[PDB]
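The structure appears below as structure tokens.
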Amino acid sequence: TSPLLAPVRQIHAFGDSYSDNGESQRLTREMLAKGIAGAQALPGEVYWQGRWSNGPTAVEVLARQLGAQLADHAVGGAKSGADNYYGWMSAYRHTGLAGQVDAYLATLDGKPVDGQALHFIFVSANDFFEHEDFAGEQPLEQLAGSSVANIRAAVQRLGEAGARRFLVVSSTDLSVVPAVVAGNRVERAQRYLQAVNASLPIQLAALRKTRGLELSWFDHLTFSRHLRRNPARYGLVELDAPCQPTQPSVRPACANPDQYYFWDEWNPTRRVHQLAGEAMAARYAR
Ligand SMILES: CC(=O)SCC[N+](C)(C)C
């Protein structure tokens with residue numbers, strides 16, 4: 001191992017349901033109040049305090065472990081570009097990674113980016129989910145290239161504005177996601193995530209070096225492979241079934257949620273988010 005990185009007292013997080021700590025719930029509640037066309041309540045009824053899980057997301061745990069305040073801009077459904085898996089949001093707000101970056105910079109209103117804040121980016125799952133669910137055009141290799149370019153562009157734009165510290169999360173293992181398994185799309189997910197995870201860190205390392213950034217890469221796929229190979233070590237029993245099924249309809253939750261990897265058909269449980277946040281924190285001093 002190398003020296004730990006310097007301590008973190010503020011996180012700005014950008015991404016999707018794997019980070020969102022209330023924004024999709026806040027926004028959809030607003031959109032419902034205003035009768036926006038297409039609006040639905042997200043994440044829905046069988047979730048903990050607006051998270052797309054049964055407890056805090058990984059970045060919430062990371063902030064807790066490091067002793068940092070968290071400003072979490074992530075929105076369930078977010079893609080790596082401007083918009084969301086949920087097309088009906090685009091009219092009201094651009095809630096993709098690029099949209100979240102735009103909005104963060106607009107809120108600063110000319111005032112400086114906190115050069116000590118950790119800018120946490122965790123996105124790309126919805127690029128794949130949207131493509132597969134609405135028969136996207138692009139070959140998966142091109143889709144991956146798009147996701148990678150979008151994330152690199154976000155880091156570039158944040159650094160441009162004054163950000164100096166980043167943590168970028170890899171693709172997760174989409175190939176074991178229960179919705180992917182049920183769509184018989186394991187190989188497509190493998191191909192997509194491998195493409196993202198091979199290319200992105202090469203591009204980020206070049207940007208790190210050009211702009212003098214601190215940029216750490218978290219390999220979520222290595223993380224999940226290690227968990228799922230040795231589950232009893234971590235107290236996990238059921239790696240595949242959702243604890244809280246929602247497809248085709250909501251059923252009763254499993255008795256022991258901390259023994260489950262998945263909460264719903266797309267999202268990990270609070271236990272996996274805890275382990276993930278602890279692993280992300282391992283690179284930093286308290
Ligand atoms: C990574 C996430 O935001 S999971 C959301 C999955 N869904 C939008 C396709 C239902």
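Some observations on this one:
- Just one of the listed residues (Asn267, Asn230, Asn197) is exposed (fewer than 14 other Cβ atoms within 10 Å of the Cβ) and of a type in the set (S, T, N, Q), and it is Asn230.
- The set of residues from the range 91-105 being of a type in the set (D, E, K, R) and over 16 Å from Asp20 (Cβ atoms) comprises just one member, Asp102.
- Test set (1) away from the ligand (no atom under 13 Å from the Cβ); (2) more than 12 Å from the chain's Cα centre (by Cα); (3) hydrophobic (A, V, I, L, M, F, W, C) - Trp88 fails condition number: (1)
- Number of residues in the range 62-75 that are closer than 24 Å to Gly44 by Cβ and either more than 16 Å from the ligand (Cβ to nearest atom) or β-branched (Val, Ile, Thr) (or both) equals 2.
- Residues in the range 236-278 that are among the aliphatic types (A, V, I, L, M) and closer than 22 Å to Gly76 by Cβ: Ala241, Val250, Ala253, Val272, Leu275, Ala276.
- When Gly159 is tested against (1) outside any helix (DSSP H, G or I); (2) away from the ligand (no atom under 15 Å from the Cβ); (3) over 18 Å from the mean Cα position of the chain (by Cα), just one condition goes unmet, and that condition is (1).
- Residue check, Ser224 exposed (fewer than 13 other Cβ atoms within 10 Å of the Cβ) and within 16 Å of the ligand (Cβ to nearest atom): no
Conditions (1) more than 30 Å from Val8 (Cα to Cα); (2) more than 14 Å from the ligand (Cβ to nearest atom); (3) in contact with a helix residue (DSSP H, G or I) (Cβ under 9 Å, 6 or more places away or on another chain), marked per residue:
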| residue | (1), (2), (3) |
| --- | --- |
| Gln190 | yes, yes, yes |
| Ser199 | no, yes, yes |
| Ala205 | no, yes, no |
| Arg229 | yes, yes, no |
| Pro242 | yes, no, yes |
| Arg251 | yes, yes, no |
| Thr269 | no, no, yes |
| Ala281 | no, yes, yes |
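- Applying the criterion of being more than 26 Å from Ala205 (Cβ to Cβ) and assigned to a helix (DSSP H, G or I) to the residues of the range 107-153, the residue that is nearest to the ligand (Cβ to nearest atom) is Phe129.
- Counting the residues of the range 172-222 that are touching a strand residue (DSSP E or B) at 6+ places or on another chain (Cβ under 6 Å) and among the small types (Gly, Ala, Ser) gives 1.
- Among residues of the range 268-284, those that are over 19 Å from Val168 (Cβ atoms) and in contact with a strand residue (DSSP E or B) (Cβ under 7 Å, 6 or more places away or on another chain), counted: 2
- Within the range 1-39, the set of residues being within 11 Å of the ligand (Cβ to nearest atom) and either of a type in the set (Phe, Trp, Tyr) or part of a loop (DSSP other than H, G, I, E, B) (or both) comprises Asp16, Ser17, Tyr18, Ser19, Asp20.
- Per the listing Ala82, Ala78, the residue uniquely aliphatic (A, V, I, L, M), within 13 Å of the ligand (Cβ to nearest atom) and touching an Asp or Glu at 6+ places or on another chain (Cβ under 9 Å) is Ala78.
- Checked against (1) assigned to a loop (DSSP other than H, G, I, E, B); (2) of a type in the set (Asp, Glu); (3) without any contact (Cβ under 8 Å) to a residue 60 or more places away in the chain, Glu45 meets all criteria but (3).
No lab work stands behind these numbers, since they all come straight from the coordinates. Reconstructed Cβ throughout: ideal geometry from the backbone, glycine too, with neighbour counts over all protein chains shown.
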